[PDB]
Amino acid sequence: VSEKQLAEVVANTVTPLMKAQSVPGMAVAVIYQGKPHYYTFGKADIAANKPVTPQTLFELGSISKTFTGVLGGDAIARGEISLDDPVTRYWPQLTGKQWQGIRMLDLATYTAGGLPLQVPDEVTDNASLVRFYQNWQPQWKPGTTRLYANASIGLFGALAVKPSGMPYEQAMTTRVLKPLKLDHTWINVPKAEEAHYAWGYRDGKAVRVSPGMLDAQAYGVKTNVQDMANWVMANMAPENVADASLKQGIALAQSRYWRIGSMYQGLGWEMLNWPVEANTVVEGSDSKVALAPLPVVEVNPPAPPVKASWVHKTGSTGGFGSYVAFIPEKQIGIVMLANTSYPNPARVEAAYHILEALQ
Ligand SMILES: *[B]([O])([O])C1=[C][C]=[C]C([N]C(=O)[C]I)=[C]1
């Protein structure tokens, strides 16, 4: 098992990291041999001398974007939605001529034409919301340029549940979390659960996520390390998913619809072929790349899930930092939850270390 050496990789990699970056509390999950190994460090709340714990809730950030893609995927599975219906079909109010050739896949994959990163703070209700989209002007034409945006995949998820009849929080729970037994994952932490909610730490000061349009769909979800480990396992070895639609939903989200040179876009998920050079992955996670308008080459039809990929996603909030990755061919993957926001390339460096040590 190398459980003794494996629990040594953990220590020897995150401890110099926590102090190198002033990290208060961290929680790690490794899935080596289909068995999750949790390791907890630092404090959840130093103000109250609370340490970190497997039940401890961290903010997931845009890693929530993965739930969206499967929420949306399981939905395609039921044949409620299709990856090519015009957006216009599930929300005919958008009457702007500019919206014409935009599909659901576009919104699902930052492909629509330059939809903003952040939804305007100015935007506070459905009418100002429809205004914004209706006024919006793409710089590029659909299916040509990929620019990572909340405004793109949020609305996708928002509409993606429409034919269900149940609001996002509902569907998301009823169709994904419960079946997968993710009984401590939260869009809205219960009062009874709040005790498990930690604090994020910014300019010395302590903060948490704050409400805003399409948040749930973009950075809502809050959960503990245990559930993150189960989440990962269901995505890596999906065959074991009891429910049919979900299983396919997991399929579809890891399929590949566009190519952005070295990487491949999926629903929520991001994938590089395995094996892949660390510098490649790490480099591409720097914000001078990740938030960049980059041309895109399409796969038609969308290649189905390839075993030998690096599928992953970074995620951040005001005071939180998270990161997940896992090579599905080689039964392993890791989970790093931190109550702080620190440089993406730093998260993915450390992972690689610990991960390629499992080989
Ligand atoms: B995610 O990458 O962590 C992410 C992307 C875009 C925006 C957010 N958050 C907000 O705009 C509000 I902290 C998270």
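Our subject is the structure listed above.
### Details of the site of the ligand
All residues in the neighbourhood of the ligand are listed as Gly61, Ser62, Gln118, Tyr148, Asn150, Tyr219, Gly315 and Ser316. One of the side-chain nitrogen or oxygen atoms of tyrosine 148 is found 3.3 Å away from an oxygen atom of the ligand. One nitrogen or oxygen atom from the main chain of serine 316 is found 2.3 Å from an oxygen atom belonging to the ligand. Within the complex, the protein chains bury 74% of what would otherwise be the 400 Å² of accessible surface of the ligand.

### Quick look at the nonpolar core
Ranked by internal contacts, the top residues of the largest apolar core, which has 117 residues, are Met26, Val28, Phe67, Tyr133, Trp231, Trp269 and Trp310. Non-local contacts of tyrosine 133, meaning those with residues more than four positions away in its chain, are made with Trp91, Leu94, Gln98, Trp99, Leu115, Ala151, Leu155 and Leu214.

### Here we look at the environment of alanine 290
Looking at the element boundaries, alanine 290 is found in helix α11 (residues 287-290). Exposure remark for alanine 290: the relative accessible area of 29% places this residue in the partly exposed category. For the pair formed by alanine 290 and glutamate 122, sequence separation is 168 residues and the distance between their alpha carbons is 25 Å. Excluding its chain neighbours within four sequence positions, the residues that come into contact with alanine 290 are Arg146, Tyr148, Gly284 and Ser285.

### What to know about the packing of helix α2 (residues 65-77) against helix α8 (residues 225-236)
Put simply, α2 and α8 touch, their axes get as near as 13 Å, and they point 45 degrees apart. Judged by the inter-axis angle, α2 sits oblique to α8. Considering the relative orientation of α2 and α8, their crossing is left-handed. Where α2 approaches α8, its residues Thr66, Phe67 and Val70 are matched on the opposing element by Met228, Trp231 and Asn235. Among the residues making up the contact of α2 with α8, the classes are represented as 4 nonpolar, 2 polar and no charged.

### Observations concerning the pairing of strand β15 (residues 321-326)
Among the 6 residues that make up β15, 6 are buried, leaving the element largely enclosed by the rest of the structure. By the alternation rule, side chains of β15 split into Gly321, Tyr323 and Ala325 and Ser322, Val324 and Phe326, which are all buried. Pairing of strand β14 (residues 309-316) with β15, which is carried by 6 bridges, proceeds in the antiparallel orientation. Looking at β15, one finds that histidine 312 is bridged to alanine 325. Hairpin connection of β14 to β15: 4 residues between the antiparallel strands. Relative to strand β16 (residues 334-338), β15 runs antiparallel, the two being bridged by 5 bridges. Pairing of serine 322 across the sheet is with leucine 337, part of β16.

So, how was this worked out
Residue indices run from 1 on each chain, following the sequence as it is written; they may not match the entry's numbering, and residues absent from the coordinates are omitted. Only hydrogens and water are removed before side-chain values are computed, so all heavy atoms of the structure are retained for them. Residues with missing side-chain atoms are left out of burial classes, side-chain pairs and their counts. Residue proximity to a molecule or strand is established when one non-hydrogen atom of the residue lies within 4 Å of it. Under this definition, polar contacts are N or O atom pairs within 3.5 Å; protein pairs additionally need one hydrogen-donor-capable and one acceptor-capable atom, and for neighbouring residues in sequence, both atoms have to be side-chain atoms. To measure how exposed things are, a 1.4 Å probe is used in the Shrake-Rupley method; for residues, cover is taken only from the protein chains shown. We define the nonpolar core as a collection of buried residues of types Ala, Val, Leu, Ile, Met, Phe, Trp, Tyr and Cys that are connected through side-chain atoms lying within 4.5 Å of one another. A 1.4 Å probe rolled over the protein chains alone gives each residue an accessible area, and that area as a share of the maximum for its type sets the label: buried under 20%, exposed over 50%, partly exposed in between. Here, residues are in contact when the closest pair of their heavy atoms is within 4.5 Å. In DSSP terms, a helix is any run of H or I states spanning at least four residues, a strand is any run of E spanning at least two, and both are numbered starting from the N terminus. Inter-axis angles, ranging from 0 to 180 degrees, are taken between N-to-C directions of lines fitted to C-alpha atoms, where helices are fitted over the stretch in contact. Every angle not falling under 35 degrees, over 145, or within 65 to 115 is termed oblique; those three ranges are roughly parallel, roughly antiparallel and roughly perpendicular. Crossing handedness follows the turn of the near helix against the far one: under a right angle anticlockwise gives a left-handed crossing, and clockwise gives a right-handed one. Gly falls in the polar group here, along with every residue not listed as nonpolar (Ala, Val, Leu, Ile, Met, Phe, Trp, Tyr, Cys, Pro) or charged (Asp, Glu, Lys, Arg). Pairing between two strands requires that DSSP report at least two bridges joining them.

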